[PDB]
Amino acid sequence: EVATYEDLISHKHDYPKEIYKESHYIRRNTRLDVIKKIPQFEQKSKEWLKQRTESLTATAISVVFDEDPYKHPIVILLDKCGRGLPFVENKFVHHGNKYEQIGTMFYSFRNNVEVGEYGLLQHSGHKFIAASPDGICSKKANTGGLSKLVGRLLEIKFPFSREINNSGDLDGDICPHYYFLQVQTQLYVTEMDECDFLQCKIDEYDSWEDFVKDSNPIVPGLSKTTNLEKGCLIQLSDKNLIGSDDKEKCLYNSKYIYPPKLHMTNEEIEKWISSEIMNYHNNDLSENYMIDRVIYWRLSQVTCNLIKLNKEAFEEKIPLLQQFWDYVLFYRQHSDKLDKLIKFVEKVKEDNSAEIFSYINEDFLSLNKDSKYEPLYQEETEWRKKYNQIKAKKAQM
């Protein structure tokens, strides 16, 4: 049974020796140390911004493949040329950005491994391919020494309304296809083998009293209703949006202070919250954000499915990405042709990818006589068909 919280720590992945013996553990560990020491620049500023303009992110890969249900490839090309829509904050990103770190903490504790986060990483061979993994498991086991999970990527998703499918295809049902391709790109860029896809559902208590009432008697960190971890959060509101009737916009721009660890006793929580408040006027966040309220949460559902890298299947599609990127670099040096392109895309709408990229390919070949490039998206992909089938089902009601 579970006497203390230490019995919840899985030791299935502990490594017996003090030095890796198997080839794949050695390679994954060495690769991880090479991923470390890679220069990562101060976020939101200077060369960090430069890094994003020279590469496609992993979220764009599913769209350039004409296999995304929400966006079409032209949106990515225009976005990378500086003529894209500004981003409006919504409820989905808010929920995911709010609890992502809680997922990381749960995974690190239950699987007994340290998880580090790293910024945008570019592929050594194809610098225009970049990814930002949520975390990569280090060699260090939280309790003992080494872990068999070294170099395993971690992807945490907190679906706002979508319900987690437990069985079916891994590429379609259990993991949505657009996320699956994102994981594949992250694995290719990091040069790692496997990634744990973690999907979680969370619900929130009404007050501090309900939080204390749900505590397991001797293991306070567990919930009595869901038998999973629970804890606290400090929500901070934006000073620029604090005084408005548009409250959703204020909520979606909130920042959060996260607890130091899981399975804190109630006194440890109270001491932590008091410490954050009593020293908040010395927190840089105090210049732009104000203390709103305390959030009380408990985990309700956690699924974890392993995703492995299919190297050849990804490298078969690299010529497509190289061609698309050549179009991006093309319209970055010809502003006039870009203006005419935007006119044409407004003429024939976004979803008609065949005619759009036929025009783009002819525009490209006009200044590249010897180019062997042929137009893209001449046929709809099968995932494009499947998504169009779903759109047709929805539009009938």
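Numbers follow the displayed sequence, beginning with 1.
The mean Cα B-factor in the deposited entry runs higher for 118 to 126 than for the other of 118 to 126 and 98 to 106. As the entry records it, the average C-alpha temperature factor is higher for 162 to 170, out of 257 to 265 and 162 to 170. For the set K247, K271, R293, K139, the maximum C-alpha B-factor listed in the entry falls on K247. Among all modelled residues in this chain, the alpha-carbon of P217 has a temperature factor (C-alpha) in the highest third. Residue-level temperature factors show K17 in the middle third of its chain, judged at the C-alpha atom.
Ranked by C-alpha B-factor against the other modelled residues of its chain, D33 falls in the lowest third. Ranked by Cα temperature factor within the chain, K148 sits in the lowest third according to the deposited record. Among the modelled residues of its chain, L233 has a C-alpha B-factor that falls in the lowest third, as given in the PDB entry.
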